[PDB]
$ cat entry15.cif   # mmCIF, C-alpha atoms and all ligand atoms; chains and numbers go by the auth columns
data_query
loop_
_atom_site.group_PDB
_atom_site.id
_atom_site.type_symbol
_atom_site.label_atom_id
_atom_site.label_comp_id
_atom_site.label_asym_id
_atom_site.label_seq_id
_atom_site.Cartn_x
_atom_site.Cartn_y
_atom_site.Cartn_z
_atom_site.B_iso_or_equiv
_atom_site.auth_seq_id
_atom_site.auth_asym_id
ATOM 1 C CA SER A 1 -11.702 6.243 -8.102 0.00 7 A
ATOM 2 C CA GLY A 2 -9.387 4.422 -5.659 0.00 8 A
ATOM 3 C CA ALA A 3 -6.671 4.932 -2.995 0.00 9 A
ATOM 4 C CA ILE A 4 -3.600 3.312 -1.261 0.00 10 A
ATOM 5 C CA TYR A 5 -3.830 3.027 2.559 0.00 11 A
ATOM 6 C CA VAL A 6 -0.334 2.495 4.089 0.00 12 A
ATOM 7 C CA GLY A 7 0.294 3.288 7.789 0.00 13 A
ATOM 8 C CA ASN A 8 -1.255 6.653 8.652 0.00 14 A
ATOM 9 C CA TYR A 9 -1.327 7.728 4.941 0.00 15 A
ATOM 10 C CA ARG A 10 -3.927 7.784 2.170 0.00 16 A
ATOM 11 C CA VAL A 11 -2.595 8.094 -1.432 0.00 17 A
ATOM 12 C CA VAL A 12 -5.003 9.311 -4.136 0.00 18 A
ATOM 13 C CA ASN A 13 -4.837 10.957 -7.619 0.00 19 A
ATOM 14 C CA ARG A 14 -4.400 14.702 -6.882 0.00 20 A
ATOM 15 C CA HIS A 15 -7.169 15.531 -9.457 0.00 21 A
ATOM 16 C CA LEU A 16 -9.649 13.380 -7.393 0.00 22 A
ATOM 17 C CA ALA A 17 -8.673 14.560 -3.834 0.00 23 A
ATOM 18 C CA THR A 18 -11.555 15.552 -1.451 0.00 24 A
ATOM 19 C CA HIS A 19 -11.887 18.548 1.006 0.00 25 A
ATOM 20 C CA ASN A 20 -10.827 16.150 3.841 0.00 26 A
ATOM 21 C CA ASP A 21 -7.665 15.140 1.874 0.00 27 A
ATOM 22 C CA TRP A 22 -6.738 18.843 1.381 0.00 28 A
ATOM 23 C CA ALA A 23 -7.485 19.686 5.102 0.00 29 A
ATOM 24 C CA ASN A 24 -5.259 16.749 6.225 0.00 30 A
ATOM 25 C CA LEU A 25 -2.656 17.315 3.439 0.00 31 A
ATOM 26 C CA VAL A 26 0.838 15.703 3.985 0.00 32 A
ATOM 27 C CA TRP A 27 2.295 16.178 0.436 0.00 33 A
ATOM 28 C CA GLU A 28 1.067 16.913 -3.108 0.00 34 A
ATOM 29 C CA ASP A 29 2.742 17.116 -6.512 0.00 35 A
ATOM 30 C CA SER A 30 0.734 18.391 -9.583 0.00 36 A
ATOM 31 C CA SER A 31 3.511 17.197 -11.931 0.00 37 A
ATOM 32 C CA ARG A 32 2.933 13.580 -10.664 0.00 38 A
ATOM 33 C CA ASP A 33 -0.900 13.780 -10.187 0.00 39 A
ATOM 34 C CA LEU A 34 -0.369 12.549 -6.550 0.00 40 A
ATOM 35 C CA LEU A 35 -1.667 13.738 -3.174 0.00 41 A
ATOM 36 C CA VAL A 36 -1.109 12.047 0.238 0.00 42 A
ATOM 37 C CA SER A 37 -3.353 12.877 3.241 0.00 43 A
ATOM 38 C CA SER A 38 -3.229 11.685 6.897 0.00 44 A
ATOM 39 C CA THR A 39 -5.734 9.105 8.278 0.00 45 A
ATOM 40 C CA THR A 40 -7.022 8.207 11.780 0.00 46 A
ATOM 41 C CA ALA A 41 -7.267 4.445 11.067 0.00 47 A
ATOM 42 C CA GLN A 42 -4.168 2.336 10.230 0.00 48 A
ATOM 43 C CA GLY A 43 -3.314 1.150 6.670 0.00 49 A
ATOM 44 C CA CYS A 44 -2.026 -2.301 5.775 0.00 50 A
ATOM 45 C CA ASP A 45 -0.994 -2.044 2.074 0.00 51 A
ATOM 46 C CA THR A 46 2.576 -2.992 1.324 0.00 52 A
ATOM 47 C CA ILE A 47 4.467 -0.675 -1.036 0.00 53 A
ATOM 48 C CA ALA A 48 6.806 -2.455 -3.464 0.00 54 A
ATOM 49 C CA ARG A 49 10.489 -1.372 -3.361 0.00 55 A
ATOM 50 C CA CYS A 50 11.755 -2.778 -6.760 0.00 56 A
ATOM 51 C CA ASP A 51 12.327 -2.153 -10.540 0.00 57 A
ATOM 52 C CA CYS A 52 9.580 -4.631 -11.755 0.00 58 A
ATOM 53 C CA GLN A 53 8.138 -3.966 -15.190 0.00 59 A
ATOM 54 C CA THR A 54 5.302 -6.628 -15.066 0.00 60 A
ATOM 55 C CA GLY A 55 2.259 -6.662 -12.786 0.00 61 A
ATOM 56 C CA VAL A 56 -1.541 -6.697 -12.517 0.00 62 A
ATOM 57 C CA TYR A 57 -3.948 -3.662 -12.414 0.00 63 A
ATOM 58 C CA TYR A 58 -7.617 -3.229 -11.543 0.00 64 A
ATOM 59 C CA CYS A 59 -9.798 -1.820 -14.325 0.00 65 A
ATOM 60 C CA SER A 60 -13.150 -0.572 -12.873 0.00 66 A
ATOM 61 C CA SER A 61 -14.707 0.090 -16.355 0.00 67 A
ATOM 62 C CA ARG A 62 -14.488 -3.716 -16.978 0.00 68 A
ATOM 63 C CA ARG A 63 -14.769 -5.084 -13.352 0.00 69 A
ATOM 64 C CA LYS A 64 -11.581 -7.100 -14.104 0.00 70 A
ATOM 65 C CA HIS A 65 -7.846 -7.274 -13.238 0.00 71 A
ATOM 66 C CA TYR A 66 -5.426 -7.415 -16.199 0.00 72 A
ATOM 67 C CA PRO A 67 -1.773 -8.537 -16.389 0.00 73 A
ATOM 68 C CA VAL A 68 0.515 -5.835 -17.997 0.00 74 A
ATOM 69 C CA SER A 69 4.131 -5.109 -18.965 0.00 75 A
ATOM 70 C CA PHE A 70 4.747 -1.410 -18.131 0.00 76 A
ATOM 71 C CA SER A 71 7.528 1.121 -18.867 0.00 77 A
ATOM 72 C CA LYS A 72 10.020 2.605 -16.274 0.00 78 A
ATOM 73 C CA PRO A 73 8.803 5.867 -14.606 0.00 79 A
ATOM 74 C CA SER A 74 9.479 8.856 -16.859 0.00 80 A
ATOM 75 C CA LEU A 75 8.258 12.294 -18.133 0.00 81 A
ATOM 76 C CA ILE A 76 5.347 11.677 -20.554 0.00 82 A
ATOM 77 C CA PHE A 77 3.298 14.397 -22.327 0.00 83 A
ATOM 78 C CA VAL A 78 -0.348 14.455 -21.177 0.00 84 A
ATOM 79 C CA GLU A 79 -3.195 16.193 -23.078 0.00 85 A
ATOM 80 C CA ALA A 80 -5.066 19.069 -21.437 0.00 86 A
ATOM 81 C CA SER A 81 -8.061 18.186 -19.198 0.00 87 A
ATOM 82 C CA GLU A 82 -10.520 20.026 -16.905 0.00 88 A
ATOM 83 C CA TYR A 83 -7.913 19.381 -14.142 0.00 89 A
ATOM 84 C CA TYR A 84 -4.600 20.363 -15.846 0.00 90 A
ATOM 85 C CA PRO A 85 -3.257 22.250 -18.884 0.00 91 A
ATOM 86 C CA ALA A 86 -1.198 20.144 -21.401 0.00 92 A
ATOM 87 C CA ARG A 87 2.134 19.248 -19.665 0.00 93 A
ATOM 88 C CA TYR A 88 4.822 16.592 -18.948 0.00 94 A
ATOM 89 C CA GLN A 89 3.718 14.298 -16.106 0.00 95 A
ATOM 90 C CA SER A 90 6.697 12.871 -14.191 0.00 96 A
ATOM 91 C CA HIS A 91 7.075 9.410 -12.600 0.00 97 A
ATOM 92 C CA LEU A 92 4.521 7.967 -15.146 0.00 98 A
ATOM 93 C CA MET A 93 4.631 4.328 -16.497 0.00 99 A
ATOM 94 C CA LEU A 94 2.673 3.188 -19.618 0.00 100 A
ATOM 95 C CA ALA A 95 1.204 -0.169 -20.598 0.00 101 A
ATOM 96 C CA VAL A 96 -1.039 -1.442 -23.379 0.00 102 A
ATOM 97 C CA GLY A 97 -4.463 -1.953 -21.838 0.00 103 A
ATOM 98 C CA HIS A 98 -7.972 -0.644 -21.467 0.00 104 A
ATOM 99 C CA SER A 99 -8.571 2.466 -19.353 0.00 105 A
ATOM 100 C CA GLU A 100 -11.318 5.220 -19.109 0.00 106 A
ATOM 101 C CA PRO A 101 -11.172 8.442 -16.942 0.00 107 A
ATOM 102 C CA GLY A 102 -13.117 6.777 -14.089 0.00 108 A
ATOM 103 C CA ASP A 103 -10.418 4.076 -13.938 0.00 109 A
ATOM 104 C CA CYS A 104 -7.961 6.480 -12.188 0.00 110 A
ATOM 105 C CA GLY A 105 -7.217 5.219 -8.661 0.00 111 A
ATOM 106 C CA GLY A 106 -7.135 1.514 -9.562 0.00 112 A
ATOM 107 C CA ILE A 107 -4.062 -0.185 -8.058 0.00 113 A
ATOM 108 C CA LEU A 108 -1.142 -1.717 -10.062 0.00 114 A
ATOM 109 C CA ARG A 109 0.578 -4.529 -8.054 0.00 115 A
ATOM 110 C CA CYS A 110 3.642 -6.741 -8.698 0.00 116 A
ATOM 111 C CA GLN A 111 4.931 -9.744 -6.582 0.00 117 A
ATOM 112 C CA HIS A 112 6.527 -7.200 -4.147 0.00 118 A
ATOM 113 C CA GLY A 113 3.313 -5.246 -3.374 0.00 119 A
ATOM 114 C CA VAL A 114 1.705 -1.937 -4.520 0.00 120 A
ATOM 115 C CA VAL A 115 3.503 -0.264 -7.497 0.00 121 A
ATOM 116 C CA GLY A 116 1.180 2.702 -8.153 0.00 122 A
ATOM 117 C CA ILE A 117 -2.248 3.823 -9.338 0.00 123 A
ATOM 118 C CA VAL A 118 -4.021 4.439 -12.667 0.00 124 A
ATOM 119 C CA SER A 119 -3.571 8.172 -13.551 0.00 125 A
ATOM 120 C CA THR A 120 -3.898 8.544 -17.421 0.00 126 A
ATOM 121 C CA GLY A 121 -5.049 6.517 -20.501 0.00 127 A
ATOM 122 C CA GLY A 122 -6.644 6.361 -23.921 0.00 128 A
ATOM 123 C CA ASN A 123 -5.811 4.969 -27.385 0.00 129 A
ATOM 124 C CA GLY A 124 -5.333 1.473 -25.931 0.00 130 A
ATOM 125 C CA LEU A 125 -2.802 2.622 -23.347 0.00 131 A
ATOM 126 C CA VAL A 126 -3.036 2.982 -19.543 0.00 132 A
ATOM 127 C CA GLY A 127 -0.672 5.203 -17.531 0.00 133 A
ATOM 128 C CA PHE A 128 0.242 4.630 -13.827 0.00 134 A
ATOM 129 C CA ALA A 129 1.639 7.114 -11.303 0.00 135 A
ATOM 130 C CA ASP A 130 4.612 5.312 -9.633 0.00 136 A
ATOM 131 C CA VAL A 131 4.781 5.333 -5.782 0.00 137 A
ATOM 132 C CA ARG A 132 7.843 3.010 -5.289 0.00 138 A
ATOM 133 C CA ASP A 133 10.359 5.888 -4.804 0.00 139 A
ATOM 134 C CA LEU A 134 8.266 7.432 -1.922 0.00 140 A
ATOM 135 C CA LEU A 135 10.323 5.777 0.834 0.00 141 A
ATOM 136 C CA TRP A 136 8.770 7.899 3.642 0.00 142 A
ATOM 137 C CA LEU A 137 5.358 6.212 3.166 0.00 143 A
ATOM 138 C CA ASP A 138 6.642 3.314 5.331 0.00 144 A
ATOM 139 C CA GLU A 139 7.556 5.127 8.558 0.00 145 A
HETATM 140 N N1 LIG B . -3.153 12.623 -14.891 0.00 1 B
HETATM 141 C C1 LIG B . -3.865 13.346 -15.743 0.00 1 B
HETATM 142 O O1 LIG B . -3.475 14.428 -16.202 0.00 1 B
HETATM 143 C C2 LIG B . -5.242 12.802 -16.081 0.00 1 B
HETATM 144 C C3 LIG B . -6.353 13.651 -15.436 0.00 1 B
HETATM 145 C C4 LIG B . -7.753 13.142 -15.802 0.00 1 B
HETATM 146 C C5 LIG B . -7.912 13.012 -17.302 0.00 1 B
HETATM 147 N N2 LIG B . -6.796 12.265 -17.902 0.00 1 B
HETATM 148 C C6 LIG B . -6.902 11.129 -18.650 0.00 1 B
HETATM 149 O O2 LIG B . -5.909 10.561 -19.088 0.00 1 B
HETATM 150 N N3 LIG B . -8.170 10.719 -18.946 0.00 1 B
HETATM 151 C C7 LIG B . -8.476 9.514 -19.626 0.00 1 B
HETATM 152 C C8 LIG B . -9.133 9.459 -20.855 0.00 1 B
HETATM 153 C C9 LIG B . -9.340 8.239 -21.483 0.00 1 B
HETATM 154 C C10 LIG B . -8.898 7.068 -20.901 0.00 1 B
HETATM 155 C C11 LIG B . -8.260 7.096 -19.667 0.00 1 B
HETATM 156 C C12 LIG B . -8.072 8.315 -19.059 0.00 1 B
HETATM 157 F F1 LIG B . -7.472 8.363 -17.839 0.00 1 B
HETATM 158 C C13 LIG B . -5.471 12.816 -17.595 0.00 1 B
HETATM 159 ZN ZN ZN B . 8.152 -5.698 -7.851 0.00 2 B
#
$ encode --input "entry15.cif" --output "structure tokens"
Amino acid sequence: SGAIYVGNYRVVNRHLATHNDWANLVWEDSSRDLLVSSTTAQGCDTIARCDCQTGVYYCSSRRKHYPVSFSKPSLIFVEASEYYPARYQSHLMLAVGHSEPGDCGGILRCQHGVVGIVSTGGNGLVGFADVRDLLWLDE
């Protein structure tokens, strides 16, 4: 679990979104595993606007933050789950690191702010849904 709170927006993994998220829906994209909902309270997270490929992510299954080198956002095949059939997920970045399903939602941050959130993993890899191209999150 985990979310990004920026301005009047809440960013979560689409496969983990609540009834409240869907009733206050702003935008959702199955191919990216992202959903953004509106909030009443104001968010203070800073979204990074950069091409960084190094950062730090939070891994809930280990109660630790890990430094990672990650790939540029791209289409990556993702195995079928209870939430999606097998498909290409777009805007995904991989890194070598520990992840378990419950780790989705953990933030990845670089020096410039929030990069994205854990969305996939397994086999010693961790995949992150990029949020840096979503320029409208800021205003
Ligand atoms: N974005 C997706 O399609 C994910 C939906 C939930 C399930 N997905 C997934 O990768 N599970 C998983 C398994 C082992 C280690 C880490 C993991 F995140 C895929
Ligand atoms: Zn950066």
$ residues_around --input "entry15.cif" --residues "residue 133 in chain A" --least-positions-apart "2" --cutoff "9 Å" --atoms "only C-alpha atoms" --output "list in words"
residues 76, 98, 99, 100, 101, 102, 105, 123, 124, 125, 126, 127, 128, 131 and 135 of chain A
$ residues_around --input "entry15.cif" --residues "residue 54 in chain A" --least-positions-apart "3" --cutoff "10 Å" --atoms "all atoms listed in the file" --output "number ranges by chain"
A: 51, 57-58, 115-122, 137-139, 141
$ residues_near_ligand --input "entry15.cif" --ligand "ligand LIG 1 (chain B)" --cutoff "7 Å" --atoms "only C-alpha atoms and all ligand atoms" --output "list in words"
residues 21, 39, 84, 85, 87, 89, 90, 105, 106, 107, 108, 109, 110, 125, 126, 127, 128 and 132 of chain A
$ atom_distance --input "entry15.cif" --atom1 "CA of residue 10 in chain A" --atom2 "CA of residue 75 in chain A"
21.1 Å
$ closest_residue --input "entry15.cif" --among "A:60, A:24, A:66, A:43" --to "residue 113 in chain A" --atoms "only C-alpha atoms"
A:66
$ resolve_selection --input "entry15.cif" --expression "the PyMOL selection byres (((chain A and resi 62) around 8) and not hetatm)" --output "list in words"
residues 60, 61, 63, 64, 71, 72, 73, 74, 114, 115 and 116 of chain A
$ build_atoms --input "entry15.cif" --residues "range 33-57 of chain A" --atoms "N, CA, C and O atoms" --output "compact mmCIF listing (two decimals), in the frame of the given file"
# COMPACT_ATOMS: atom_id res chain seq x y z
N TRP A 33 1.48 15.83 1.61
CA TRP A 33 2.30 16.18 0.44
C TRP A 33 1.46 16.08 -0.85
O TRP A 33 0.55 15.28 -0.93
N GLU A 34 1.75 16.94 -1.82
CA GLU A 34 1.07 16.91 -3.11
C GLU A 34 2.02 17.35 -4.21
O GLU A 34 2.93 18.15 -3.95
N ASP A 35 1.90 16.75 -5.39
CA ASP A 35 2.74 17.12 -6.51
C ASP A 35 1.91 17.09 -7.82
O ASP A 35 1.60 16.01 -8.34
N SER A 36 1.52 18.29 -8.34
CA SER A 36 0.73 18.39 -9.58
C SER A 36 1.42 17.66 -10.74
O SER A 36 0.77 17.06 -11.57
N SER A 37 2.78 17.78 -10.82
CA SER A 37 3.51 17.20 -11.93
C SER A 37 3.41 15.66 -11.94
O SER A 37 3.66 15.04 -12.99
N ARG A 38 3.10 15.05 -10.77
CA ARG A 38 2.93 13.58 -10.66
C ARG A 38 1.47 13.15 -10.57
O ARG A 38 1.20 11.96 -10.55
N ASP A 39 0.52 14.10 -10.39
CA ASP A 39 -0.90 13.78 -10.19
C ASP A 39 -1.09 12.99 -8.89
O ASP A 39 -1.99 12.16 -8.82
N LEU A 40 -0.24 13.23 -7.86
CA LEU A 40 -0.37 12.55 -6.55
C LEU A 40 -0.64 13.51 -5.38
O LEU A 40 -0.14 14.65 -5.35
N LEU A 41 -1.42 13.02 -4.42
CA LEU A 41 -1.67 13.74 -3.17
C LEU A 41 -1.74 12.68 -2.08
O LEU A 41 -2.31 11.61 -2.30
N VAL A 42 -1.09 12.94 -0.94
CA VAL A 42 -1.11 12.05 0.24
C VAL A 42 -1.72 12.88 1.40
O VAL A 42 -1.36 14.05 1.60
N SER A 43 -2.70 12.29 2.07
CA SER A 43 -3.35 12.88 3.24
C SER A 43 -3.22 11.92 4.45
O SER A 43 -3.02 10.71 4.29
N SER A 44 -3.33 12.48 5.67
CA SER A 44 -3.23 11.68 6.90
C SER A 44 -4.57 11.03 7.27
O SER A 44 -5.62 11.62 7.04
N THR A 45 -4.53 9.83 7.86
CA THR A 45 -5.73 9.10 8.28
C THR A 45 -5.72 8.81 9.78
O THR A 45 -4.65 8.72 10.38
N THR A 46 -6.90 8.57 10.37
CA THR A 46 -7.02 8.21 11.78
C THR A 46 -6.85 6.69 11.95
O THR A 46 -6.22 6.22 12.90
N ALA A 47 -7.40 5.89 11.01
CA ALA A 47 -7.27 4.44 11.07
C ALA A 47 -5.95 4.03 10.39
O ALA A 47 -5.40 4.77 9.57
N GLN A 48 -5.44 2.85 10.74
CA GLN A 48 -4.17 2.34 10.23
C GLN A 48 -4.30 1.53 8.93
O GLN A 48 -5.16 0.65 8.83
N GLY A 49 -3.40 1.78 7.98
CA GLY A 49 -3.31 1.15 6.67
C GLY A 49 -2.39 -0.06 6.61
O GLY A 49 -1.31 -0.07 7.21
N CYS A 50 -2.78 -1.06 5.84
CA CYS A 50 -2.03 -2.30 5.78
C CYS A 50 -1.42 -2.64 4.42
O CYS A 50 -0.83 -3.72 4.30
N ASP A 51 -1.57 -1.75 3.39
CA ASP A 51 -0.99 -2.04 2.07
C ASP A 51 0.52 -2.04 2.15
O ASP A 51 1.11 -1.24 2.87
N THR A 52 1.13 -2.88 1.38
CA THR A 52 2.58 -2.99 1.32
C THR A 52 3.02 -2.28 0.07
O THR A 52 2.49 -2.58 -0.99
N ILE A 53 3.95 -1.31 0.16
CA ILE A 53 4.47 -0.68 -1.04
C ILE A 53 5.66 -1.50 -1.53
O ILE A 53 6.51 -1.96 -0.72
N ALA A 54 5.69 -1.77 -2.84
CA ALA A 54 6.81 -2.46 -3.46
C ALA A 54 8.03 -1.53 -3.52
O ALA A 54 7.90 -0.35 -3.83
N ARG A 55 9.22 -2.09 -3.27
CA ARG A 55 10.49 -1.37 -3.36
C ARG A 55 11.32 -2.21 -4.35
O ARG A 55 12.04 -3.15 -3.94
N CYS A 56 11.19 -1.93 -5.68
CA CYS A 56 11.76 -2.78 -6.76
C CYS A 56 11.80 -2.03 -8.12
O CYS A 56 11.20 -0.96 -8.25
N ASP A 57 12.35 -2.69 -9.18
CA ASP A 57 12.33 -2.15 -10.54
C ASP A 57 11.49 -3.05 -11.47
O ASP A 57 11.77 -3.11 -12.66
